[PDB]
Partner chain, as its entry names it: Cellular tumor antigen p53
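Below you'll find only one chain, the form solved without the partner chain, shown as structure tokens.
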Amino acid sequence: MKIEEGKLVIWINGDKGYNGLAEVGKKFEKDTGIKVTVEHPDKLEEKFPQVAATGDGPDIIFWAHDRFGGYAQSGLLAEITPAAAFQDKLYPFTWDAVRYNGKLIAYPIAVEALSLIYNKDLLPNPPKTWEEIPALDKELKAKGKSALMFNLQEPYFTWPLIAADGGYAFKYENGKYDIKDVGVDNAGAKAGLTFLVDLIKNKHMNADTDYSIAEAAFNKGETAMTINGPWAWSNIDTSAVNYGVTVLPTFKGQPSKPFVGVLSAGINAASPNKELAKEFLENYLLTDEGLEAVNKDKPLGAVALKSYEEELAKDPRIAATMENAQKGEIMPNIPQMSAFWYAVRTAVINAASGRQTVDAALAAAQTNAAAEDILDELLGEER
């Protein structure tokens, strides 16, 4: 049906603290009378452009900022105009993640980066280098365990290694992305993905390992290390594993370079509730009390709100999160990012499974990541 006037419907991904967010929604309803419904649909980031293009969907969509430029280019997001006083409550670099063509298109919530999570009982001294892992795995397999398991189905998790020695998505210069300069099939990207494929070939990882398999193995104490973000920590807590969160291993002496996401809340351009959505987001969610309610459910990472982040920063897990973030790069928010991710997803899976060589997989992905833009050049108006 059409978006309902006089309430708020929120979409947020199923790995985030949606029950905590619903608690913020209950506070809003208690104070204002406005009911807040929080949902976590499958593939919400693909559903949103479909249903919002017909004028339907949630009032507010949560996702990392990398999806939002495509939404805004399609006219699906309302322009955000907080007062200067509210803008100063959040870190400047998080506003930049949600700025598209000079306009704010979402509220930033929290900064996410992958870290190395390790079992302190199994592995008191986690490795500093990727190159140590195979020998470390041989050692741990003799103890009935293994060194490392992480999600190999989503390119988010393998990108830090691909980027370490030179891979990049779109070249960034003068505050701008050149979609003609894609770095998916260069020598550094090939080196990183080849190292990952060799780990699988040498029986240190399995190509089929996904989020659920890796999470279960680490939280059952079967593997010494995983790679994951802050949303995963509270399940590890309840599994009673004694864990640490630390800097990602280096590859060829270079830091792993995670793509940093800013969890962001956009307002549907079709919402008849834009004023209420702004009141909820600015004055209920983006407060100490509101972010704490979400954080208590699933940890947000380093939040955009300065007053609360200065408390979270004292947590060594948050310090490690931001150390890894600072070595990585903030994701572009340009419309081309989804094509980039779909392209690299196929490349990593095809290479990991041996269906394609590393070179053929990444050569295909380099093309797919820019297919639309290549078509624009072919059909454009030149000489």
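The term rigid core refers to the most C-alpha atoms you can superpose between the two forms while keeping them within 1.5 Å. Positions refer to the first chain, counted from 1.
Mean C-alpha B-factor is higher over 136-144 than over the other stretch, the pair under comparison being 214-222 and 136-144.
Remark: stretch with higher mean C-alpha B factor among 10-18 and 356-364 is 356-364. Per the PDB record, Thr81 has a higher Cα B-factor than any other of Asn151, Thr81, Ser271, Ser256. Per the deposited record, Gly175 carries the highest C-alpha B-factor of all listed residues (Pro160, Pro108, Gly175, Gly229). Sorting the modelled residues of the chain by their CA temperature factor places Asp237 in the highest third.
In the deposited entry, the Cα temperature factor of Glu279 places it in the lowest third of its chain's modelled residues.
Ranked by C-alpha B-factor against the other modelled residues of its chain, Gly75 falls in the middle third. When all modelled residues of the chain are sorted by CA temperature factor, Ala351 is found within the highest third. Split the chain's modelled residues into thirds by C-alpha temperature factor. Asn101 is in the highest one.
A second form of this protein, the form deposited with the partner chain bound, is not displayed here; the remarks below concern that form.
Just one of the listed positions, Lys306, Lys120, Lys180, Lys141, moves its Cα by at least 2 Å between the shown form and the other one when the rigid core is held fixed, and it is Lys141.
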